[PDB]
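Chemist: Dropping a structure here in structure tokens format, bear with me for questions.
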There are 2 protein chains.
Amino acid sequence: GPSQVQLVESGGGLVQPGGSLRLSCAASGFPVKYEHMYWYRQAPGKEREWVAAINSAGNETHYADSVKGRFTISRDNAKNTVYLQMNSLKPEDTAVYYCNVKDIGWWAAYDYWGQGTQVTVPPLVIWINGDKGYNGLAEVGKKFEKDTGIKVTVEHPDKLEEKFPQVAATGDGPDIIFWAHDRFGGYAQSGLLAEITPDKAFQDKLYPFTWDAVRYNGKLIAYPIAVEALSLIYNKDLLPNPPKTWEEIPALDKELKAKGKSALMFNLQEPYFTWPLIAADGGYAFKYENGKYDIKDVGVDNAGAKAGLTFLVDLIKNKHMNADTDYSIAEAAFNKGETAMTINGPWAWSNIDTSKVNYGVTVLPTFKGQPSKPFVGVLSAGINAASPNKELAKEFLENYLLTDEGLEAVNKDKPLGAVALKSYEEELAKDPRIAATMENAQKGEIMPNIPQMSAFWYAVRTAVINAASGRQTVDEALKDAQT
Amino acid sequence: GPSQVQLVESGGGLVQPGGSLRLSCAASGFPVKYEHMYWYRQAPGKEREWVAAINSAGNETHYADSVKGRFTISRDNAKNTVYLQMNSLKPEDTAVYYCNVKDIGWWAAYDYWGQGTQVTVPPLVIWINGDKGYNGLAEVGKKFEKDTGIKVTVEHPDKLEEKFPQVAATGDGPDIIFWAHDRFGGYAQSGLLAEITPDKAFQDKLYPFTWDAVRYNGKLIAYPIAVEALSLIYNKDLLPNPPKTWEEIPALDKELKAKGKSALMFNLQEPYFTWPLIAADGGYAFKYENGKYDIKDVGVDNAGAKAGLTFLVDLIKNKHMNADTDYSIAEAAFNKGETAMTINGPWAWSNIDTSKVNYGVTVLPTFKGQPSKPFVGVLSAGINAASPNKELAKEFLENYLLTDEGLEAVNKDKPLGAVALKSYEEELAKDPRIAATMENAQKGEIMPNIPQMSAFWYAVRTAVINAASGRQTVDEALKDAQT
Ligand SMILES: OC[C@H]1O[C@H](O[C@H]2[C@H](O)[C@@H](O)[C@@H](O)O[C@@H]2CO)[C@H](O)[C@@H](O)[C@@H]1O
Ligand SMILES: OC[C@H]1O[C@H](O[C@H]2[C@H](O)[C@@H](O)[C@@H](O)O[C@@H]2CO)[C@H](O)[C@@H](O)[C@@H]1O
Ligand SMILES: [Mg+2]
Ligand SMILES: [Mg+2]
């Protein structure tokens, strides 16, 4: 008869780090009984590598060093099948796995290969916002991989705070998600977060109020990382002495535009940046009392909020600001020295350093004699409830990220603010920019983490963007936002 | 002694649709020998559901209807362990799986549960650009799920054509990636794409040149979906008769700005939109001859390219266009009736329909008497080489998407252009907007798919954005792009 030598691998698939998979290879068309059988693998961009071998009976068995102690080759001669039991799998093991036999066929001179079966071991996946130190965090991930053999990927999706609930809710998503604490209550209500289990010794390493920020329904639902608040950033050359009041800003802008510059530019598309002026004279989100936020008591349509917004809109009407300015426009204008001031958090300092602008960081201006009240975020890391990697995620967050070395590597990328880890926060307290962050933070308020926060931010955003644009008056906009 | 009843699940993890996983439950602290043992599961946002049960010896066995025929419960009384062999798994099976025993403990009156082990079966994942019909494609996915039981998710990441090579190269990524054919050559060079295996009967269903667009190194590396080319879109009310030449556009814009409008706005941030004017008088990417693209022969610094770019820059200098206009600015301006014309492809028609603008779609204007030459894209779908779901992806693309019903559902979301499927393209040929798409397409050129395309687009983008901005002259910009 003809040569119908055939090898058919099966059993490949998807598996998490630390998991197990059993491959099989069905052999036909030749006296398999008498042949040594081999497993190989090939990944894209790597050369093919031998993995294991087994003799005819099954009693002699050999392994590559890269899989020794983790894989076991076996065979069943009743079925002419050879098996590769793979344990303690790692991202590095991703590959097409092939079966192979040697020196058979006509004249005993030919080797045969199966078509291959795919094995895919995804990395530990982290999502963090694009304005944070994701390259420094990937360096933390490289150390984790060095120690554990498990690859870590950091991604920064656009709109990640809305994408996580939709894909975690399709049973998928990253293993670890970073965001300010305000969104996490909604994720926990939906059951998309694992409860985290730091012991008491580990809890003592971080400031208690940050733990409070990531407490929901009496449960710790994420690891607090760092405390963020907006600050007034200014060009010490353009403006040696920055103004103390929002009321000074128009005349400063006139003096500056006479010289081809402007006073102030910051992001007007996200209400996080316009909130400190809205809250300053009385605006608030949800009134907190008797240990609960009262969700029927929303302070977005009172006279203080309207006074702050009307002031902002007036700045726009007088062409001191432009309704279309967003994060990138304001950053580019400040770091090129075109505007004397901007409003931002610690993550922005990095880029200013590269800009060579001699800048200072200081207290937000007052409005009607009241401090601006920025909403204070606690950058936090939750473990996806659907993650098949929760123990690895815990090890990463506790023993790699939340260390002096881990936070330093992130902070050297984009500054974190007042880090929750006491030991490193003492080291960083000496920074005048962090001192001004903490001053603005204490004049503000911690964001709530209740599930209504999302809707709240959606309303204020609308109301700001409409009022700045003219589509609605300030009273109309805030009334629509109260609903 | 005390009650130390304990149930410990293990064995959960990540597994692809169609795959298998074996759970185990170690029982201690009670005479397991004599107890019925049960498996349950709970997903977030769903109530807990019973799954299976087994009697004391192991000979009597029962299953929920939702898992009947796919799961097998077993037990080993030497180890006081009960097992759940799960086969033909599906996204719907994602859950925390629990072991349970009933009516034991003191007074035989208590039930005990293990802590649970997570099982995660990800959907089939599709990536497609945000300007395409991803909601219509998700409807195709809903039909697929109805028929197969396998959930489909469509995501539209920002910058997906750059993200796919980085994460497919970390051994991860979506199962199916949509993009114009020009990027796929680079993906295939890197070995990130599966070879696809449509039979001849299926190949005959699509126009041969689209197959040619997704051929690399003699291999079919993706499924062609639809043929895209830019067209001139105009407001029939503002401009009953649109201009035939780029040279007419300044005087039209003066007539229009006297009335508070403008002639033309389109995306100036992506060279795809400025290319047809640059190529028109002679600009080209790579010269093709003797069956190969000559990568040492780049036509980006010749006099035709410079004449097209200088014309564009002149439009900007005379304040007929603004260097900062991108996709969203131009779309909003056209669909609000603020500008008489824009330049775009079939995906944009949907939004104009909602805008109630009475628009027409027609031939791009001529430059120095030559047709504008748009680069013609073939929207294509590749299968990730690392996907553990390649057979499902094939079934989806061939038997769901590439049908009259599948393309119709996508096309009703955002029009596809001239679809590669002959049967549906005959139905759609009657459309005057598709006729003008095909006219502009035949006056243009098919994009190459060689791996250098990426670098090519990176250079032209730079050169356009610099020249429009003033940072560089046109000659300087094109010279930098030739390198
Ligand atoms: O603008 C509403 C928005 O504000 C906050 O987001 C901040 C974030 O906390 C900072 O870390 C920084 O990344 O900028 C964001 C604003 O662009 C809330 O945390 C977020 O939930 C809310 O949507
Ligand atoms: O701008 C360079 C860019 O152009 C093409 O991308 C098009 C795409 O083909 C269309 O389908 C539509 O989505 O718009 C894109 C331009 O924004 C190339 O296909 C792409 O490789 C290239 O980077
Ligand atoms: Mg996923
Ligand atoms: Mg993934």
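Order determines the names: the first chain of the structure tokens is A, the second B, and so forth; residues in each chain are numbered 1 upward, and ligands are numbered 1 upward as they are shown.
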Pick out the chain B residues within 10 Å of chain A. Count only C-alpha atoms. Give them as an MDAnalysis selection string.
Modeler: chainID B and resid 11:21 43:45 91:96 117:123 125 151:153 155 157:159 163 167:173 189:193 385:390
Chemist: Can you list every residue in range 129-169 of chain A that DSSP puts in strand (DSSP E), as an MDAnalysis selection string?
Modeler: chainID A and resid 152:155
Chemist: The selected residues should be written to file as a PDB file, in the first residue's frame (atoms: N, CA and C atoms).
Modeler:
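What landed in result30.pdb:
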```pdb
ATOM      1  N   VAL A 152       4.255  39.717  32.491  1.00  0.00           N
ATOM      2  CA  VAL A 152       3.268  40.741  32.865  1.00  0.00           C
ATOM      3  C   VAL A 152       3.153  41.742  31.712  1.00  0.00           C
ATOM      4  N   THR A 153       1.920  42.042  31.279  1.00  0.00           N
ATOM      5  CA  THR A 153       1.681  43.069  30.262  1.00  0.00           C
ATOM      6  C   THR A 153       0.884  44.232  30.885  1.00  0.00           C
ATOM      7  N   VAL A 154       1.304  45.464  30.632  1.00  0.00           N
ATOM      8  CA  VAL A 154       0.528  46.622  31.069  1.00  0.00           C
ATOM      9  C   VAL A 154      -0.077  47.255  29.820  1.00  0.00           C
ATOM     10  N   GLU A 155      -1.391  47.385  29.795  1.00  0.00           N
ATOM     11  CA  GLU A 155      -2.106  48.061  28.731  1.00  0.00           C
ATOM     12  C   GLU A 155      -2.761  49.326  29.275  1.00  0.00           C
TER      13      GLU A 155
END
```
Chemist: Select the residues contacting ligand 2 at a distance of at most 7 Å, based on only C-alpha atoms and all ligand atoms, then format the selection as a list in words.
Modeler: residues 129, 131, 179, 180, 181, 182, 183, 228, 270, 271, 272, 273, 377, 379, 454, 457 and 461 of chain B
Chemist: Please produce an output containing N, CA, C and O atoms for each residue in the selection, written as a compact mmCIF listing (two decimals), in the first residue's frame.
Modeler:
```txt
# COMPACT_ATOMS: atom_id res chain seq x y z
N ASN B 129 -11.98 48.51 13.67
CA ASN B 129 -11.81 49.93 13.95
C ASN B 129 -13.11 50.61 14.39
O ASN B 129 -14.21 50.27 13.94
N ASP B 131 -14.55 53.29 13.47
CA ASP B 131 -15.40 53.98 12.51
C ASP B 131 -16.21 53.03 11.64
O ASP B 131 -16.91 53.48 10.73
N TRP B 179 -8.78 45.00 9.60
CA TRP B 179 -8.10 46.23 9.20
C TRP B 179 -8.05 46.22 7.68
O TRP B 179 -8.25 45.18 7.05
N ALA B 180 -7.77 47.38 7.09
CA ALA B 180 -7.42 47.35 5.68
C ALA B 180 -6.25 46.39 5.47
O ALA B 180 -5.38 46.26 6.34
N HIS B 181 -6.20 45.79 4.27
CA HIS B 181 -5.20 44.78 3.92
C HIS B 181 -3.76 45.30 4.00
O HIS B 181 -2.83 44.49 4.09
N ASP B 182 -3.55 46.63 4.02
CA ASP B 182 -2.17 47.11 3.88
C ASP B 182 -1.30 46.70 5.07
O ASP B 182 -0.12 46.41 4.88
N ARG B 183 -1.86 46.63 6.28
CA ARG B 183 -1.08 46.25 7.46
C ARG B 183 -0.78 44.74 7.55
O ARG B 183 0.16 44.33 8.26
N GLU B 228 -12.83 49.78 -0.08
CA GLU B 228 -13.00 51.13 0.43
C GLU B 228 -12.19 52.11 -0.41
O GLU B 228 -11.00 51.88 -0.67
N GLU B 270 -4.43 62.32 9.33
CA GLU B 270 -4.13 61.00 8.79
C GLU B 270 -3.82 61.15 7.31
O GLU B 270 -4.68 61.63 6.56
N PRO B 271 -2.63 60.74 6.86
CA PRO B 271 -2.25 60.94 5.44
C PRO B 271 -3.10 60.16 4.47
O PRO B 271 -3.02 60.41 3.28
N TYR B 272 -3.89 59.21 4.94
CA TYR B 272 -4.84 58.54 4.06
C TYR B 272 -5.74 59.54 3.33
O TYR B 272 -6.14 59.32 2.19
N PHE B 273 -6.09 60.64 4.02
CA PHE B 273 -7.04 61.59 3.45
C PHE B 273 -6.37 62.62 2.56
O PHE B 273 -7.04 63.18 1.69
N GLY B 377 -8.34 50.57 -0.01
CA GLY B 377 -8.18 49.60 1.06
C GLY B 377 -9.16 48.47 0.88
O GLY B 377 -10.27 48.68 0.40
N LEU B 379 -10.88 46.13 3.37
CA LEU B 379 -11.12 45.74 4.74
C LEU B 379 -11.10 44.21 4.80
O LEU B 379 -11.84 43.56 4.07
N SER B 454 3.90 50.15 7.01
CA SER B 454 3.80 50.86 8.28
C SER B 454 4.74 52.05 8.31
O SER B 454 4.31 53.20 8.47
N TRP B 457 3.63 54.87 6.03
CA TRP B 457 2.57 55.72 6.55
C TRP B 457 3.06 56.59 7.70
O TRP B 457 2.58 57.71 7.89
N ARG B 461 2.63 60.72 7.24
CA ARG B 461 1.90 61.39 8.30
C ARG B 461 2.73 62.52 8.87
O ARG B 461 2.31 63.69 8.84
```
Chemist: List every residue of range 237-267 of chain A that DSSP, applied to the backbone of this structure, places in helix (DSSP H, G or I), and write the result as a VMD selection string.
Modeler: chain A and resid 246 to 257
Chemist: May I have the residues from that selection written out with N, CA, C and O atoms, as a CSV table (one decimal), in the first residue's frame?
Modeler:
```
chain,number,residue,atom,x,y,z
A,246,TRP,N,-8.9,83.3,41.8
A,246,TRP,CA,-9.5,83.2,40.5
A,246,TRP,C,-9.9,84.6,39.9
A,246,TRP,O,-9.8,84.8,38.7
A,247,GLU,N,-10.2,85.5,40.8
A,247,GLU,CA,-10.7,86.8,40.4
A,247,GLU,C,-9.6,87.6,39.7
A,247,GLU,O,-9.9,88.5,38.9
A,248,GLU,N,-8.3,87.3,40.0
A,248,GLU,CA,-7.1,88.0,39.4
A,248,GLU,C,-6.9,87.6,37.9
A,248,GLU,O,-6.0,88.1,37.3
A,249,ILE,N,-7.5,86.5,37.5
A,249,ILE,CA,-7.0,85.8,36.3
A,249,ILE,C,-7.3,86.6,35.0
A,249,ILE,O,-6.4,86.7,34.2
A,250,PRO,N,-8.5,87.2,34.9
A,250,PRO,CA,-8.7,88.1,33.7
A,250,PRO,C,-7.6,89.2,33.4
A,250,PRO,O,-7.2,89.3,32.3
A,251,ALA,N,-7.3,89.9,34.4
A,251,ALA,CA,-6.3,91.0,34.2
A,251,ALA,C,-4.9,90.5,33.9
A,251,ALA,O,-4.2,91.1,33.1
A,252,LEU,N,-4.5,89.5,34.6
A,252,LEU,CA,-3.3,88.8,34.2
A,252,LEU,C,-3.3,88.3,32.8
A,252,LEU,O,-2.3,88.4,32.1
A,253,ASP,N,-4.4,87.8,32.3
A,253,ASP,CA,-4.5,87.3,30.9
A,253,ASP,C,-4.4,88.5,30.0
A,253,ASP,O,-3.9,88.3,28.9
A,254,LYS,N,-5.0,89.6,30.3
A,254,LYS,CA,-4.8,90.8,29.4
A,254,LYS,C,-3.4,91.2,29.3
A,254,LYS,O,-2.9,91.5,28.2
A,255,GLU,N,-2.7,91.4,30.5
A,255,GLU,CA,-1.3,91.7,30.5
A,255,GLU,C,-0.5,90.7,29.7
A,255,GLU,O,0.5,91.0,29.0
A,256,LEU,N,-0.9,89.4,29.7
A,256,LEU,CA,-0.1,88.4,29.0
A,256,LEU,C,-0.4,88.3,27.5
A,256,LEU,O,0.5,88.2,26.7
A,257,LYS,N,-1.7,88.5,27.1
A,257,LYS,CA,-2.0,88.5,25.7
A,257,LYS,C,-1.4,89.7,25.0
A,257,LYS,O,-1.1,89.6,23.8
```
Chemist: Using Å and a single decimal, report how far CA of residue 76 in chain B sits from CA of residue 81 in chain A.
Modeler: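 Here the two named atoms are 26.7 Å from each other.
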Chemist: For residue 399 in chain A, work out the shell of residues within 12 Å, counting only C-alpha atoms and skipping chain neighbours fewer than 3 positions away, then give it as a ChimeraX atom specification.
Modeler: /A:140-141,143-144,147,198,202,205,391-396,402-407
Chemist: Please identify all polymer residues within 8 Å of range 464-481 of chain A, counting only C-alpha atoms, omitting same-chain residues fewer than 3 positions from it, and present them as a PyMOL selection string.
Modeler: chain A and resi 268-269+271+274+300-301+306+309-310+312-313+316+323+456+459-461
